[PDB]
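Cβ: placed from backbone, ideal geometry, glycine included. Neighbour counts: every protein chain shown. The numbers here are math on the coordinates, done by the rules we state, and not lab data.
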Amino acid sequence: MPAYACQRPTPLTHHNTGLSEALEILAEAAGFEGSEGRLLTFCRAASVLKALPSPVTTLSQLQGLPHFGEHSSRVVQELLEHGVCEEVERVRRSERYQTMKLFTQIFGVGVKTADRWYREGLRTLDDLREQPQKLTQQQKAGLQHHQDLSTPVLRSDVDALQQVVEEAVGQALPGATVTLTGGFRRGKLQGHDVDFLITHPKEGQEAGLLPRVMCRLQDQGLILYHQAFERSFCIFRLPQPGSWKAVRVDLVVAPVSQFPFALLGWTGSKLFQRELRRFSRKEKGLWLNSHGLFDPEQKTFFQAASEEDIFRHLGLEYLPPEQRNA
DNA sequence: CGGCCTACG
DNA sequence: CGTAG
DNA sequence: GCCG
Ligand SMILES: [Mn+2]
Ligand SMILES: [Mn+2]
Ligand SMILES: [Mn+2]
Ligand SMILES: [Mn+2]
Ligand SMILES: [Mn+2]
Ligand SMILES: [Mn+2]
Ligand code: NA
């Protein structure tokens, strides 16, 4: 079992859901306590289990696996022997975990903001609404649309959104293209949001494109919330039969020279991409982001035509999007 | 010991 | 700080 | 929490 998540296929459907979900509760809780390091280990351990070919049924089957030490192994052992891990159950039933989960699920609220509100005694979404001067415009919008934003986005919704985004993009710039990214490109059937990557085959034509797209969507009444720029984190008013629902949509523009890097980054998964960037720097001495792959000694950028080109330059076997579900 | 992804809004 | 994957 |  390779140690980096970008070195192994991780399918959407796997065989150790109960174990991985327990480890991911401890990872989320570690984040709520401000330990990115513990979060990362528990996330990595959970991800190792997603890549295994069969169910883990005995603790023996963990020996030698990367990112399993004393703590993650004891969690699995308790689950195998008893069906529950006391530590996991204490976290999941705790007021702190439940409230931090509630608050950080709001668009515009992260751990540091949620932790301050917790320390101030706040506990419910109505507590926040009762104190609106304490909110940014982004948080106001997240709270206003929280019910809709908690409803899974379905493929039906994606296809409708892709059509209205394609229409606005075509109106703003002939020849520009729209590519579905994020979890739906990895094969997920549901999501929290929809992610789109926009480019144009002639380098430089996409300059100024995203404000033009946003103006065109807003004039069609499709935008509930937004705000030169190249990433827009929007809330769309998606028509439904007789009505509408709020949906989170991310729109990203990249020049075509950067498109393989942006496609790779925005397709995820989040852990897959952090692991790939770590691998690139720590194992290959190259710096990776959604704009390019930089050799800091030659001070040159790798010219990629495809995602496959990037994997090859990093010495990695290519994984299609549906195997990046780390 | 000390790192843990690397950007944009 | 928030957002993204 | 795990590991280079
Ligand atoms: Mn026991
Ligand atoms: Mn997404
Ligand atoms: Mn840029
Ligand atoms: Mn230390
Ligand atoms: Mn994400
Ligand atoms: Mn520690
Ligand atoms: Na949030």
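Given only helices, namely DSSP H runs of n ≥ 4 each adding -39500 (n - 2.57), what is the per-residue ellipticity at 222 nm of chain A, to the nearest 500 deg cm²/dmol?
Calculated mean residue ellipticity at 222 nm is -13500 deg cm²/dmol.
Given the peptides A:246-254, A:295-303, A:77-85, arrange them by the average over their residues of other C-beta atoms within 10 Å, most packed first.
Numbers: A:246-254: 22.3, A:295-303: 11.1, A:77-85: 14.3.
Most protected by this proxy first, the peptides run A:246-254, A:77-85, A:295-303.
Given R₀ = 22 Å, what would the calculated FRET efficiency be for residue A:126 paired with residue A:96, taking r from the Cβ atoms and rounding to 0.05?
It comes out at approximately 0.70.
If the convex hull of the alpha-carbon atoms of the stretch A:102-242 is projected onto planes in all directions, what is the mean projected area in square nanometres?
So the mean shadow area of the Cα hull is 10.3 nm².
Using only Cα atoms, what Kirkwood radius does chain A have, in angstroms?
Across chain A, the inverse of the average 1/r is 21.8 Å.
Quickly rank A:63-72, A:199-208 as a protection proxy: mean count of other C-beta atoms within 10 Å, highest first.
Those peptides, ordered most packed to least, come out A:199-208, A:63-72.
Measure off 7 Å from each Cα along the Cα-to-Cβ vector at residue A:138 and residue A:167, then give the distance between these two points in nanometres to one decimal.
3.0 nm
If you wrap the stretch A:1-63's Cα atoms in a convex hull and average its projection over all directions, what's the area in nm²?
4.4 nm²
How high is the FRET efficiency from residue A:287 to residue A:312, r the C-beta distance, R0 25 Å, rounded to 0.05?
On the way: r = 17 Å, r/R0 = 0.69.
For residue A:287 and residue A:312, the calculated efficiency is 0.90.
In this model, which of A:202/A:284; A:112/A:140; A:101/A:245; A:112/A:245; A:101/A:188; A:112/A:134 are farther than 20 Å apart at the alpha-carbon?
On the way: A:202/A:284 31 Å; A:112/A:140 17 Å; A:101/A:245 23 Å; A:112/A:245 29 Å; A:101/A:188 22 Å; A:112/A:134 14 Å.
Violating the 20 Å Cα-Cα cut-off are A:202/A:284; A:101/A:245; A:112/A:245; A:101/A:188.
How big is the antiparallel share of DSSP beta bridges in chain A, given as a percent to the nearest 5? It would help to have the intermediate numbers written out before the result.
Values: 23 of 30 bridges.
Rounded to the nearest five, the antiparallel share is 75 percent.
Take the Cβ-Cβ distance between residue A:301 and residue A:12 as r, set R0 to 45 Å, and report the resulting FRET efficiency rounded to the nearest 0.05.
0.90
How big is the equivalent ellipsoid of the stretch A:1-159 along its three axes, where each semi-axis is √(5λ) from the Cα gyration tensor, reported in whole Å from largest to smallest?
33, 19, 14
Calculate one ³J(HN,Hα) per residue across the stretch A:281-289 by plugging θ = phi - 60° into the Karplus curve 6.51 cos²θ - 1.76 cosθ + 1.60, and present them in order as whole Hz with x for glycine and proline.
Calculated HN-Hα couplings, in order: 6, 7, 9, 10, x, 10, 9, 10, 8 Hz.
Could you list the GluC sites (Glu not before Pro) in the stretch A:84-151 that lie in coil according to DSSP, counting only those with at most 14 other Cβ atoms within 10 Å of their Cβ?
Passing both the DSSP loop test and the Cβ count: A:120, A:130.
Please sort A:219-227, A:232-240 by packing, taking for each peptide the average over its residues of neighbouring beta carbons within 10 angstrom, highest first.
The packing order, highest mean first, is A:232-240, A:219-227.
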